[PDB]
Amino acid sequence: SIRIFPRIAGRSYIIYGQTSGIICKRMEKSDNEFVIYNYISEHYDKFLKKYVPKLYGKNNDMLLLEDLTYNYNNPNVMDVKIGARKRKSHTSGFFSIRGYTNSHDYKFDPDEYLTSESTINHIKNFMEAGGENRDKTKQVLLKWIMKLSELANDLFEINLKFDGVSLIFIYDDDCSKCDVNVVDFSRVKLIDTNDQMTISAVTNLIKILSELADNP
Ligand SMILES: O=P(O)(O)O[C@@H]1[C@@H](O)[C@H](OP(=O)(O)O)[C@@H](OP(=O)(O)O)[C@H](O)[C@H]1OP(=O)(O)O
Ligand SMILES: Nc1ncnc2c1ncn2[C@@H]1O[C@H](COP(=O)(O)OP(=O)(O)O)[C@@H](O)[C@H]1O
Ligand SMILES: [Mg+2]
């Protein structure tokens, strides 16, 4: 009847679709997430097609969303909060890693405020599952940098406050496939300008991933 989806973070009710390639996310507090998917659809559809999982439909208070892990034999997922936290500062200055596949094995704690050294160590930990082929993990890093670059650029021209949004980084164990997409629009707001805080999260991640893709 109901199979629970293996979340990396969040407090939200998320189940598998009755059907392949679909997850059902429940809207707990308001329909704001739906209102914002539709607004972005009308005003920024290029942003929606490039960076955001497809919304196939709504069923009462459930959003039917593209399952970003679906085309992967052995997905490694990392959730990074790049939007403002409701309250509390980011655990890594410009962003907060909310969790990652096998984070329990490295004693990762989402409440622990981290140095740059710990932050980078946690991202190296997340890449461990991708194995010792060094010239193949850096292909993963570089494809991530390519899309995060275009995202940061595109964010300059979008008049939204991306409160609460996360990046979902995914890579297959064999490193043949990867992607990153923006999720969680529940707390996003219209504003008269662009979101310098959310841009500074993306550019900082670009810096960190770039240092990883270049250290020998
Ligand atoms: O709805 P809840 O259970 O109170 O928790 C949300 C929670 O969903 C969110 O974290 P994440 O789940 O997107 O990682 C928290 O985000 P912050 O990291 O920005 O604090 C929210 O703060 C929680 O909502 P609230 O602050 O209303 O409890
Ligand atoms: N479309 C998606 N495909 C796959 N996993 C997803 C998708 N959307 C969310 N997730 C998973 O759900 C978690 C929380 O989703 P999110 O939208 O941030 O919900 P919450 O409001 O609970 O924080 C992420 O950490 C990720 O593991
Ligand atoms: Mg979230």
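Residues numbered from 1 in each chain as written, not as in the entry; some residues may be left out. Chains lettered and ligands numbered in written order. Heavy atoms only, no water.

Enquirer: For this particular structure, what's the right way to read the environment of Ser-118?
Expert: Relative to the helices and strands, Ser-118 is located in helix α3 (residues 116–127). Accessibility expressed as a relative area gives 26% for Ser-118, which makes it partly exposed. Measuring from C-alpha to C-alpha, the distance between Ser-118 and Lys-136 comes to 23 Å, with 18 residues separating the pair along the chain. (Helix = DSSP H or I, 4+ residues; strand = E, 2+ residues; numbered from the N terminus. Buried < 20%, exposed > 50% of the residue type's maximum accessible area, 1.4 Å probe, protein only.)

Enquirer: How should the pairing of strand β6 (residues 96–100) be read in this particular structure?
Expert: For a regular strand, the rule is simple: side chains alternate between the two faces of the sheet. Burial analysis of β6 places five of its five residues in the buried class, which makes it a mostly covered element. Note: strand β5 (residues 75–81) against β6, four bridges, orientation antiparallel. Bridge pairing links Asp-79 to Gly-99 in β6. (Pairing = 2+ DSSP bridges.)

Enquirer: Quick question: what am I supposed to make of the site of ligand 1 here?
Expert: In the region of ligand 1, the neighbouring residues are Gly-10, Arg-11, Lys-29, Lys-81, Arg-85, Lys-86, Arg-87, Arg-98, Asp-184 and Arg-187. Measuring from an oxygen atom of ligand 1, one finds a backbone N or O atom of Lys-86 at 3.0 Å. Its free accessible area being 570 Å², ligand 1 has 69% of it covered by the protein chains. In this structure, ligand 1 is accommodated by the largest pocket. For the shell around ligand 1, a count of residues per class yields no nonpolar, one polar and nine charged. (Near = heavy atom within 4 Å. Polar contact = N/O pair within 3.5 Å; in protein donor to acceptor, adjacent residues only side chain to side chain. Areas by Shrake-Rupley, 256 points an atom, 1.4 Å probe, with all protein chains shown as cover. 1 Å grid on protein atoms, 1.4 Å probe; cavity = no way out; pocket = protein on both sides within 12 Å on 5 of 7 lines; lining within 4 Å. Sits in = over half its atoms within 2 Å of the grid points. Nonpolar A, V, L, I, M, F, W, Y, C, P; charged D, E, K, R; others polar.)

Enquirer: What is the right way to look at the site of ligand 2 in this model?
Expert: Surveying the vicinity of ligand 2 reveals 17 residues, the closest of which are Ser-12, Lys-25, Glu-66, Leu-68 and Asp-79. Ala-9 places a main-chain nitrogen or oxygen 3.2 Å from an oxygen atom of ligand 2. Coverage of ligand 2 by the protein amounts to 93% of the 550 Å² it exposes when considered alone. For the shell around ligand 2, the residue count by class is eight nonpolar, two polar and seven charged. The residue makeup of the shell around ligand 2 includes at least three contributed by each of domain 1 (14–66) and domain 2 (75–214). (Domains from an automatic or database assignment.)

Enquirer: Help me out: how do you make sense of empty space enclosed by the protein in this one?
Expert: To find leftover empty space, one rolls a probe the size of a water molecule over the atoms. According to the stated counting rule, one finds two cavities of 30 Å³ or more in the structure shown. Put simply, the largest cavity is a space of about 50 Å³. Looking at the largest cavity, the residues that line it are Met-78, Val-80, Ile-123, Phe-126, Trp-144, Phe-169, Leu-205 and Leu-209. Counting only elements with at least two residues in the lining of the largest cavity, the list comes to β5, α3 and α5 (196–214). Grouping the constituent residues of the lining of the largest cavity by class yields eight nonpolar, no polar and no charged. Estimates place the volume of the second largest cavity at around 30 Å³. (Points joined across faces, edges and corners; volume = space filled by probe spheres on them.)

Enquirer: Looking at this structure, I do not really get the packing of aromatic side chains. What am I missing?
Expert: The geometry of an aromatic ring pair is captured by the separation of the ring centres together with the interplanar angle, meaning the angle of the planes. One pass over the structure, following the stated rule, counts 11 aromatic pairs. Ring centres of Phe-47 and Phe-162 lie 5.9 Å apart, and the angle between their planes is 35°; this geometry places the pair in the tilted category. Of this pair, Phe-47 sits in helix α2 (residues 45–51) while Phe-162 is found in the loop between β7 (160–161) and β8 (166–172), placing the two residues 115 residues apart along the sequence. Taking 6.3 Å as the distance between ring centres and 45° as the angle between the ring planes, the aromatic pair formed by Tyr-100 and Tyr-106 counts as tilted. Classification of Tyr-106 by relative accessible area gives partly exposed; the value is 25%. Through a chain of ring-to-ring contacts, three or more aromatic side chains come together here, namely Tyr-100, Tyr-106, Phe-108, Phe-126, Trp-144, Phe-169 and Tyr-171. (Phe/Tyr/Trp six-rings, centres within 6.5 Å; stacked < 30°, edge-to-face > 60°.)

Worth remembering: the numbers are spatial, not functional.
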